[PDB]
Amino acid sequence: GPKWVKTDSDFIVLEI
Amino acid sequence: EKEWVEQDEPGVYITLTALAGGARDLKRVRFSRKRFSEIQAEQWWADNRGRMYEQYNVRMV
């Protein structure tokens, strides 16, 4: 499934 | 396949590609940390994913 990536300081990313 | 970004709403940016002449392929959703906590971003996805599944092509697994 989609994964949350929280390592960037400008954006929260939901990576499909 | 070249990717581009669209603003779904302020602070919410979707990355898309062309696919089969129908719904565009969703690669990722980016939430501005100026506007979203991680909790709010997870709530946004819960509230909006149903619409996203119909407006875009979203690989489910």
Inset, instruction - Provide the descending list of Cα extents for the protein assembly as shown along its principal axes, expressed in whole angstroms. - result: 35, 24, 23
Legend entry - Cα extents of chain B along the three principal axes, largest first (Å): 34, 21, 19
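Multiplying the sequence separation of B:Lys2 and B:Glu38 by 0.36 nm and subtracting their Cα-Cα distance, what value in nm do you get? Don't skip to the answer; put the middle values down first.
Working: separation 36, 0.36 × 36 = 12.96 nm, distance 2.82 nm.
Taking 0.36 nm per residue and subtracting the Cα distance, the gain is 10.1 nm.
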Inset, instruction - Please report B:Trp4, B:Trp45 as a ranked list, fewest other C-beta atoms within 10 angstrom at the top and most at the bottom. - result: B:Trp4, B:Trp45
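Pairs of alpha-carbon atoms within less than 8 angstrom and 6+ residues apart define the contacts here; what relative contact order does chain B have, in percent?
Details: 71 pairs, mean separation 16.3, N = 61.
Value for chain B: 27 percent.
Inside 10 Å of the C-beta atoms of B:5-16, what's the mean count of C-beta atoms belonging to other chains?
Numbers: counts 0, 0, 0, 0, 0, 0, 1, 0, 2, 2, 3, 0.
Partner Cβ neighbours, averaged per residue: 1.
A quick note on method: Cβ atoms are made from the backbone with ideal geometry, for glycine too, and the neighbour counts reach across all protein chains shown. We did not get these values from a lab; they are worked out from the coordinates using the rules stated.
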